[PDB]
Amino acid sequence: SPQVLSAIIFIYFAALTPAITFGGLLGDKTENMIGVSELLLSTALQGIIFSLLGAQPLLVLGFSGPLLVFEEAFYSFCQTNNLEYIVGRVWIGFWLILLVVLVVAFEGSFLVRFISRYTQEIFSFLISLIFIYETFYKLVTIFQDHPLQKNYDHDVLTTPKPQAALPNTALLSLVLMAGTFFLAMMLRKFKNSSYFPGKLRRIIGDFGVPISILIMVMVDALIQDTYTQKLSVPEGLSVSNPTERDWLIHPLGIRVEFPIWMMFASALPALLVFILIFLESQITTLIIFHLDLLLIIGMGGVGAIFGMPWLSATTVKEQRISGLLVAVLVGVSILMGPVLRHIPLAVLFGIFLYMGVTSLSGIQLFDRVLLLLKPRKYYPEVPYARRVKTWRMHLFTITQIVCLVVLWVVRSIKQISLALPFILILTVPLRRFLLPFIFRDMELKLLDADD
Amino acid sequence: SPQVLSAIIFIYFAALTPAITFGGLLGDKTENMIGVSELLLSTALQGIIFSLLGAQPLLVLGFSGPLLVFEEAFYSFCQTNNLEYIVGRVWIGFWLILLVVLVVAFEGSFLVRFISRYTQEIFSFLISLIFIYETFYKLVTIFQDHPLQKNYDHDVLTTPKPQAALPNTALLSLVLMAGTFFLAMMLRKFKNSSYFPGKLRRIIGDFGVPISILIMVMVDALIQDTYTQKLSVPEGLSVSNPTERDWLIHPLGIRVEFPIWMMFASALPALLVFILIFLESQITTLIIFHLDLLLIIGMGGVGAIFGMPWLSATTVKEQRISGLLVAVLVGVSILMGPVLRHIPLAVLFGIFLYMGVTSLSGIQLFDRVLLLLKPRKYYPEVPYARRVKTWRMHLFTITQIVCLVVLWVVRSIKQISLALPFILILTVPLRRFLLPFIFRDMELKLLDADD
Amino acid sequence: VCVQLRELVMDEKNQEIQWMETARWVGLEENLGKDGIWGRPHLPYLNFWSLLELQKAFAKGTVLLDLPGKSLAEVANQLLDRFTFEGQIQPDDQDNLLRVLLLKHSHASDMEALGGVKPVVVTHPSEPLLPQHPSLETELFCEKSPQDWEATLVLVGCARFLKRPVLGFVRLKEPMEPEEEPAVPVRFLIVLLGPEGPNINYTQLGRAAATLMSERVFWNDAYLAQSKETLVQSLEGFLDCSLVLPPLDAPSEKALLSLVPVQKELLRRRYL
Amino acid sequence: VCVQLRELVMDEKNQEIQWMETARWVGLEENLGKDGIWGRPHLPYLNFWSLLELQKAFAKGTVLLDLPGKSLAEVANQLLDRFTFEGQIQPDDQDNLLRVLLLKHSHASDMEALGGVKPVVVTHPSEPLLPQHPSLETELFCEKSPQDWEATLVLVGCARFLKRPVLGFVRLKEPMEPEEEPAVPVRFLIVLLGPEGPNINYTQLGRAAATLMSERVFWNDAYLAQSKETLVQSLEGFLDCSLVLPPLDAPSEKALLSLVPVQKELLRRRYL
C-alpha cells in the first residue's frame with residue numbers, strides 16, 4: 001500500500017544516513033581495516049535474521065556512537081602494544097558467545113530493575129560531549145596536516161593519500177561541514193515551525209538530514225579542481241584493503257601470530273561491551289523478554305567472526321516484512337561505491353556533530369545544568385524545581401558534573417582506558433546507597449523520576 | 001563624570017564603526033578619489049559646527065547608505081561619458097547652496113506634513129536589498145578576479161594592486177566576512193538574551209559591532225603570509241592619491257577642463273540629493289524647525305568644496321560638549337592610518353551586510369511580507385491584521401512589491417539611472433490619491449498608521 | 001422606565017428564526033407565559049452563574065455610547081464593526097450574525113400565532129445540548145411611560161461557532177422607536193451572544209442584565225456613562241449591594257425579615 | 001455536629017498574634033460578641049464575594065483526606081508539604097506560616113483577659129488596609145454535645161506576602177481533641193489565607209465556609225469524600241440550591257413568604 005511504500009523508503013533513509021557516517025568514522029580511526037561496507041553487510045544480515053525471530057520485529061538494530069567509542073579505545077590499546085585488533089576482537093566475540101549461555105541457562109536481566117534516570121542521562125550527555133570533542137579534534141588534525149602557508153608545492157600525488165599539504169583544503173572542508181550543520185539546524189527549526197500546512201512541512205522535515213546532505217555533494221561535484229578527503233570504497237563484494245583482511249579470518253592470525261597469553265586474556269573487554277549493549281537495549285524498550293536480548297547478544301558475538309562491527313538497537317504481520325525490506329535495501333546499498341566515493345568526509349563530520357547536538361538537546365539534565373547559570377528569577381515552572389530548594393538541585397548537578405569530569409579525564413588518559421564502563425557502572429550503587437543517605441526520598445522522587 | 005566618560009567613548013565607537021566601512025566602500029567604488037579620511041574630516045568638522053549651532057545638539061550627523069548609492073550612481077553616470085566627477089559634484093554643491101536661500105526666504109518643510117509610513121518603510125526595505133545585492137556582487141567580483149585554479153604564478157607583485165590571481169584569497173576572504181557576520185549575529189542574540197545580569201550583558205552587547213571586528217583583524221595579523229585586500233591609507237593630512245586630487249580644487253578642472261555645457265546642467269542631481277537628505281532628516285526627528293534643516297543642507301553643500309562627501313543625520317548644557325567631544329575624537333581618528341592599513345576589506349563588507357540585515361529586521365512591512373507566505377492559521381495577533389481580511393493586506397503588499405521591483409529594475413539599468421528618487425517620490429501622491437480610491441479610510445488607518 | 005428582553009427563538013409554525021420577548025420591566029418584572037399572557041408583576045431574582053459570567057463579559061464588554069444610529073440595520077452594522085475592531089470576533093461571522101441581527105421580532109399578540117417557542121442556538125439553527133431549562137420565573141409567576149421612561153431592549157441568543165460569549169451595549173444619541181410594539185422610544189440596547197457553555201443560562205443572564213439596568217441609579221449612570229469604566233464601577237457598587245442567600249437545611253421566615261435591615265443598608269450604600 | 005471558626009488576631013494586652021474564635025455552629029450559628037457573650041442563635045447569611053472567592057479557591061483548593069495526623073504540628077507540617085507540593089506556595093514562606101500555624105488559641109473565657117481583638121494581616125504583623133471590617137453579624141445578633149457533633153475547626157487569616165488566597169482542608173483518619181475547649185474531637189479542619197484583595201472579607205469568607213460545612217448533606221459528602229471532585233460537586237449542588245436576594249426599592253414581607261416554597265424546592269433538590 002502507498003502508506004507502506006512511503007514508510008519503507010523513509011525508514012531506509014533513516015537507517016542508511018547514520019550508517020554512512022559511522023562507516024566513514026571507522027575508516028578514519030582504522031587505517032583501512034573497517035569501513036562502511038563491512039558494517040553495512042553486518043546490519044544487512046542483522047535486520048533479516050532479527051525480523052524472522054523477534055518478539056518485536058518492528059524494532060530497528062542500528063549502530064550507536066558508544067560502540068564506536070569502545071572500538072576506538074580498543075584500537076588505541078592495541079596500538080599501545082603489538083597486537084592483532086581483528087583476531088583479538090574475534091576472541092572477544094568467542095568470550096561473548098560462551099558468556100551468552102550463562103544467561104540463557106538462567107536470566108540475568110535483574111539489573112533492568114536497577115537502572116536509574118540519573119545514570120543514563122549523564123551517560124548520554126557524556127557521549128554527546130565526546131562526539132563534540134572528537135569533531136573539534138578533527139580540526140586540529142587538519143590544521144596540523146595542512147599548516148597555513150602561501151607557497152605550498154605543485155602537482156603533489158594525492159590519490160591514495162595527500163603526500164603534502166595543499167591549498168584550498170584546510171578551510172574549504174571547514175566551510176563544507178559548517179554548511180552541513182547550519183542547513184541541518186535550519187531544516188530542523190523549519191520542521192518545528194509553522195511554515196506550510198502540517199503534512200506538507202513535516203514530510204520534508206522528517207527527511208531533513210537525508211536531504212541536507214546532497215547539496216554539499218553537488219557543490220563538491222561542481223568544484224572538482226580541488227581534492228577533498230572522500231570515501232575509499234572498494235569494488236562490490238570486496239573487503240576494504242584485502243591485503244590486510246579477507247572474509248575468511250584465521251584465529252591464529254593472517255600476517256602475525258596472535259599471542260597465546262592474549263587468547264584467554266580477552267575476556268575482560270567482552271563483559272564491558274556486553275554491559276554497554278545491555279544498558280543500551282532497555283532505553284529503546286521504553287516506547288511501550290530475555291529471548292530477544294540474548295538473541296541480540298548472540299548476533300553481536302557472531303558479527304565479529306568475519307570481521308564486522310556489532311550493531312545496536314534503534315528506533316521504530318507486516319512487521320516482519322518491514323524489517324525484511326529495510327535489511328535487503330541496506331544490503332543492496334553496498335553497490336553504490338563508485339558514486340559514494342565522491343562524498344567528502346567533512347560532510348559526515350558535520351552531520352555527526354549535528355546528530356550529537358540534537359541528541360544533547362533532548363536531555364533535561366542539560367536543561368537544569370544551564371538553568372544553574374540562569375538567574376533564580378525566571379526559571380520555567382517544572383514540577384521538580386518549584387517544590388525543591390534551588391541550591392539542593394545545584395548540589396545534585398555538581399555531583400553529576402564531577403562524575404562526568406572524572407569520566408572525561410579517564411577518557412583523556414591513554415594508558416588507563418577501556419575502564420570507562422566499570423567506573424560508570426559503579427555509579428549506580430552510589431545512586432542506590434550514597435544518594436538516599438544525603439537526600440530525602442521525596443526529594444529524590446523528583447530529579448531521577450524516570451517515566 | 002564617569003557617566004559622561006562612558007557615554008563619550010560609547011558614542012565615539014558607534015560613530016566611528018560605520019564610518020570605516022563607508023570609507024572603505026567609497027575607496028572601492030572610486031579608483032582612489034574618495035576614501036575614509038576625507039569623509040572622516042568632513043564629519044569631524046560637521047560635528048563641531050553643528051554642536052555650536054543646533055536646536056538639538058545631542059543629535060548625531062553620520063552617514064547613510066542611500067547617500068553612497070546616489071554617489072555611486074553619479075560615479076557610474078560620469079563613467080558613461082567623459083566627465084570630471086569631483087568638479088561636477090562641486091557644481092552640484094553650488095546648486096545646493098543657491099537652492100538653500102529659496103527655502104531660507106520662505107520655509108519649504110510643508111512636505112513633512114505629506115510623508116507616509118508606506119513610502120519610507122518600502123524605501124528602507126529597498127535600501128537594505130541593495131546593500132545585500134552589492135555585498136553579493138562583490139563575491140562575483142572576487143571569483144572573476146581570482147578564478148579557481150591549482151597552479152597560479154609565483155612572486156606576483158601585489159603592493160599597489162594584485163597583478164594576477166593568487167591562491168588563498170578567493171575563499172579565505174569569504175571565511176573572514178562570514179565569520180564577521182556570524183559573530184555579529186551571535187553577539188546581537190547574546191545581547192538580547194538572558195546571559196549575565198542585566199547591565200553586565202547589555203554593556204558589551206552595545207559594543208558587539210565595535211568588538212566583533214578586532215578578532216578577525218587579529219586573525220589576519222597572525223596570518224600575514226597571504227595578502228588580503230586592505231586599506232590604502234595615505235599619511236596624515238594627505239589626500240588619497242594626491243596626483244588625482246588636492247585640498248584646493250579648481251572649478252575649471254585640475255587635469256581636464258570641465259565642460260561649460262555641464263556647468264549650468266548640474267542642477268538636476270542637486271535637487272535629488274536635497275530631497276533624499278530632507279526625507280532622511282524627519283525620520284531621525286521622530287524620537288521626540290527649518291533652521292536646523294537648512295543648516296544641515298548648507299553644511300552638506302559646503303562639504304563638497306574641498307572634495308568630501310556629505311553626511312546625514314543619525315541617532316543620539318553638556319549636549320554641546322558631547323558633540324564637541326565626538327567630533328574632535330573623529331578628527332583625531334585620522335592618525336591611525338598605519339595600523340588601519342592592516343585591516344582587510346572583507347571585514348568591512350561583512351559588517352555592512354550585518355548592518356543591512358539588522359536594519360531590515362526592524363521593518364514591519366517585511367514581517368507582513370513573510371507572513372504572506374505563512375499559512376493563514378498561526379498569524380500573531382497584531383492590531384492591524386485581525387480586523388482586516390488577509391487577501392486585502394496581500395493586495396497592499398503586492399502593490400509595495402511591484403513598486404520595489406520597478407525600482408530595482410531601474411537600478412539595474414545603467415543608461416537610465418539617477419531617476420530613482422523621482423520615481424520613488426511620485427509614489428507618495430499615489431498613496432494620497434490612488435490608495436484612498438481603492439481602500440476605505442478605516443482600512444488604510446491600520447497599515448500605514450505612522451506613530 | 002421600560003425595559004423589554006427578547007430571546008432568539010424559532011417558531012414551530014413557520015420554522016423561522018426570530019426574536020421573541022420573554023419578559024418586560026415597567027415598574028416591576030412581568031414574565032411572559034408560554035402561551036401567551038404575561039405573568040404577575042414581581043421583584044426579580046437571579047442565579048449565581050448568570051451574574052458571574054456577566055461580570056466576566058463586562059470585564060471585556062463592548063459599549064457604544066453616542067451611537068449615531070436610528071434603525072436596527074444601522075446600529076447592527078456599527079456594533080459588528082466595533083466587535084471586530086475590539087478583536088472580539090472575526091470578520092467571517094459578521095454576515096450570519098447580521099442575518100440574526102435583522103430577524104423578525106414577535107410579540108405577545110403573535111404568541112398564539114406561532115406553533116411554539118423553543119430555545120435556538122445559531123449554527124453554521126439547532127437547540128442547546130447542555131442541560132438547561134426549565135425557566136424558573138415561568139414556573140413561579142406564569143403558573144405608564146409619559147417620558148424619562150425611555151425604552152431599553154435586550155437581546156439574548158446562543159451561537160456555538162463563537163469562541164466566547166460577547167456582550168454588546170449601545171446608547172443611541174437619541175431614543176428611537178424601531179420595530180418596540182409600545183410607543184416608547186429606545187435609547188439603550190444590549191445584545192448578549194456566545195457558544196453553549198457550562199453554567200451559562202442565557203435566560204437567567206438576560207434577566208440579570210435587565211435587573212441590573214432596572215436599577216434607578218444604574219439608569220442614571222447609563223445616562224451619564226462616559227466610558228466602560230463608569231459602567232464597570234456602577235456594576236461593582238451594584239455587586240457590593242448584593243446579598244447571596246446560601247441553601248439552608250432549616251428555613252425560618254423569622255431569620256428572614258432580619259436581612260431586611262441589611263437590605264436597607266445595602267440599598268442606602270447603593271444610593272451613595 | 002459542632003463547627004467553630006477562629007480568626008488570626010492580636011490581643012491588645014499581650015500584643016501577640018493568636019487565634020481567637022469568632023463564631024460557633026451547634027445546631028445554629030452563635031456569633032461571639034466583644035464584651036457581650038455568644039450572640040443569639042440564628043440562621044447564617046452570606047455575601048456574594050465571599051462565595052465567589054470561595055468557589056475560585058475551591059477550583060484549585062487543597063484537600064487532605066484520612067490524614068495520619070493527631071496534633072496541630074503534624075497536620076500543620078503535612079499541609080505545608082502539600083501546599084508546596086501542589087505549587088500553591090513557595091517553600092520560603094512555610095516557616096513564618098508555620099509560626100502562624102502554631103500560635104496560641106484564645107477562647108471566649110479569655111476575651112475579657114485580652115485588651116482587645118482586631119484583625120491582623122501577616123507581614124514580613126499589621127492591619128488590613130482595604131475598606132473592610134463589614135462582618136455585619138455582630139451588628140445584627142451580638143447587639144455539651146459529643147454524641148454526633150464531630151468537631152470541625154476553621155481558621156482564617158490574611159497574609160499580604162502571599163500571591164493568592166489559599167484554601168486548605170484536612171480530613172483526619174480519626175477525630176482528635178487538640179488545643180478545642182469543648183470535649184468534641186476534631187476531624188475536619190480548614191485553613192483559609194491570602195493577601196488583602198478587593199471584595200475579600202475573610203470574616204464573611206470564613207462564615208461562608210462554616211455555613212457550607214453546616215450542611216447536613218455536605219457533612220455526609222465530607223465523611224464520604226474520596227477526591228476534591230466530590231467536594232466540588234457537593235459545592236455546585238449547594239450552589240444550585242442558593243437563591244440571591246437583589247436589593248429592592250419596595251420591600252414587602254408578602255413578597256417574602258413566597259420564596260419559602262422556592263426555598264423548599266431548593267432544599268428538596270439539595271437532598272437529591
# chains A, B, ... in the order shown; residues from 1 in each chain; ligands from 1
>>> select_by_dssp(residues="region 34-146 of chain D", states="alpha helix (DSSP H)", output="PyMOL selection string")
chain D and resi 48-59+72-85+94-101+108-111+137
>>> residues_around(residues="region 110-115 of chain C", least_positions_apart="3", cutoff="6 Å", atoms="only C-alpha atoms", output="list in words")
residues 11, 12, 13, 36 and 107 of chain C
>>> residues_around(residues="residue 229 (chain D)", least_positions_apart="5", cutoff="10 Å", atoms="only C-alpha atoms", output="PyMOL selection string")
chain D and resi 58-59+234-235
>>> interface_residues(of="chain C", to="chain B", cutoff="9 Å", atoms="only C-alpha atoms", output="PDB file with N, CA, C and O atoms, in the first residue's frame")
ATOM      1  N   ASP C  81     -18.915  46.325  13.460  1.00  0.00           N
ATOM      2  CA  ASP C  81     -17.644  46.984  13.195  1.00  0.00           C
ATOM      3  C   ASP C  81     -16.825  47.118  14.472  1.00  0.00           C
ATOM      4  O   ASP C  81     -15.607  46.899  14.464  1.00  0.00           O
ATOM      5  N   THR C  84     -15.554  43.548  15.816  1.00  0.00           N
ATOM      6  CA  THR C  84     -14.313  43.227  15.123  1.00  0.00           C
ATOM      7  C   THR C  84     -13.197  44.173  15.536  1.00  0.00           C
ATOM      8  O   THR C  84     -12.068  43.741  15.791  1.00  0.00           O
ATOM      9  N   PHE C  85     -13.501  45.471  15.628  1.00  0.00           N
ATOM     10  CA  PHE C  85     -12.473  46.445  15.974  1.00  0.00           C
ATOM     11  C   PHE C  85     -11.844  46.127  17.322  1.00  0.00           C
ATOM     12  O   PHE C  85     -10.656  46.383  17.537  1.00  0.00           O
ATOM     13  N   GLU C  86     -12.624  45.577  18.246  1.00  0.00           N
ATOM     14  CA  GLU C  86     -12.119  45.235  19.566  1.00  0.00           C
ATOM     15  C   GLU C  86     -11.486  43.853  19.609  1.00  0.00           C
ATOM     16  O   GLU C  86     -11.156  43.371  20.698  1.00  0.00           O
ATOM     17  N   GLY C  87     -11.307  43.207  18.459  1.00  0.00           N
ATOM     18  CA  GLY C  87     -10.799  41.852  18.441  1.00  0.00           C
ATOM     19  C   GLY C  87     -11.734  40.844  19.062  1.00  0.00           C
ATOM     20  O   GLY C  87     -11.336  39.697  19.282  1.00  0.00           O
ATOM     21  N   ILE C  89     -14.468  39.473  17.773  1.00  0.00           N
ATOM     22  CA  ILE C  89     -14.911  38.482  16.803  1.00  0.00           C
ATOM     23  C   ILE C  89     -14.076  38.601  15.538  1.00  0.00           C
ATOM     24  O   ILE C  89     -13.398  39.603  15.299  1.00  0.00           O
ATOM     25  N   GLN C  90     -14.134  37.549  14.722  1.00  0.00           N
ATOM     26  CA  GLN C  90     -13.543  37.592  13.397  1.00  0.00           C
ATOM     27  C   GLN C  90     -14.539  38.164  12.392  1.00  0.00           C
ATOM     28  O   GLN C  90     -15.754  38.086  12.598  1.00  0.00           O
ATOM     29  N   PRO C  91     -14.057  38.747  11.292  1.00  0.00           N
ATOM     30  CA  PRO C  91     -14.993  39.287  10.291  1.00  0.00           C
ATOM     31  C   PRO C  91     -15.893  38.262   9.619  1.00  0.00           C
ATOM     32  O   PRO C  91     -16.945  38.632   9.084  1.00  0.00           O
ATOM     33  N   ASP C  92     -15.509  36.985   9.633  1.00  0.00           N
ATOM     34  CA  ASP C  92     -16.229  35.989   8.845  1.00  0.00           C
ATOM     35  C   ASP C  92     -17.657  35.804   9.336  1.00  0.00           C
ATOM     36  O   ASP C  92     -18.581  35.671   8.525  1.00  0.00           O
TER      37      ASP C  92
END
>>> interface_residues(of="chain C", to="chain D", cutoff="8 Å", atoms="only C-alpha atoms", output="PDB file with C-alpha atoms, in the first residue's frame")
ATOM      1  CA  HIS C  42     -42.849  40.555  40.764  1.00  0.00           C
ATOM      2  CA  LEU C  43     -39.417  41.504  42.032  1.00  0.00           C
ATOM      3  CA  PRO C  44     -36.536  39.910  40.080  1.00  0.00           C
ATOM      4  CA  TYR C  45     -34.303  37.102  41.330  1.00  0.00           C
ATOM      5  CA  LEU C  46     -31.075  35.875  39.760  1.00  0.00           C
ATOM      6  CA  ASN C  47     -28.774  32.863  39.997  1.00  0.00           C
ATOM      7  CA  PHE C  48     -25.012  32.972  40.634  1.00  0.00           C
ATOM      8  CA  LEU C 239     -22.480  43.964  43.244  1.00  0.00           C
ATOM      9  CA  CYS C 241     -25.061  45.754  47.458  1.00  0.00           C
ATOM     10  CA  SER C 242     -25.808  42.116  46.546  1.00  0.00           C
ATOM     11  CA  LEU C 243     -26.520  39.564  49.271  1.00  0.00           C
ATOM     12  CA  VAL C 244     -26.432  35.884  48.315  1.00  0.00           C
ATOM     13  CA  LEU C 245     -28.743  33.516  50.277  1.00  0.00           C
ATOM     14  CA  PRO C 246     -26.977  30.077  50.513  1.00  0.00           C
ATOM     15  CA  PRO C 247     -29.245  26.957  50.827  1.00  0.00           C
ATOM     16  CA  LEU C 248     -30.221  26.338  54.480  1.00  0.00           C
ATOM     17  CA  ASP C 249     -31.412  22.998  55.965  1.00  0.00           C
ATOM     18  CA  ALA C 250     -33.741  24.788  58.463  1.00  0.00           C
ATOM     19  CA  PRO C 251     -35.814  27.505  56.758  1.00  0.00           C
ATOM     20  CA  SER C 252     -37.232  30.215  59.016  1.00  0.00           C
ATOM     21  CA  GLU C 253     -39.344  33.230  57.943  1.00  0.00           C
ATOM     22  CA  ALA C 255     -34.453  34.575  60.092  1.00  0.00           C
ATOM     23  CA  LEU C 256     -35.899  36.166  57.010  1.00  0.00           C
ATOM     24  CA  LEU C 257     -37.198  39.662  57.938  1.00  0.00           C
ATOM     25  CA  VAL C 260     -34.457  43.428  55.510  1.00  0.00           C
ATOM     26  CA  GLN C 263     -31.135  45.019  52.500  1.00  0.00           C
ATOM     27  CA  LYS C 264     -31.884  48.618  53.584  1.00  0.00           C
ATOM     28  CA  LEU C 266     -27.124  47.785  51.020  1.00  0.00           C
ATOM     29  CA  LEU C 267     -29.710  49.968  49.205  1.00  0.00           C
TER      30      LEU C 267
END
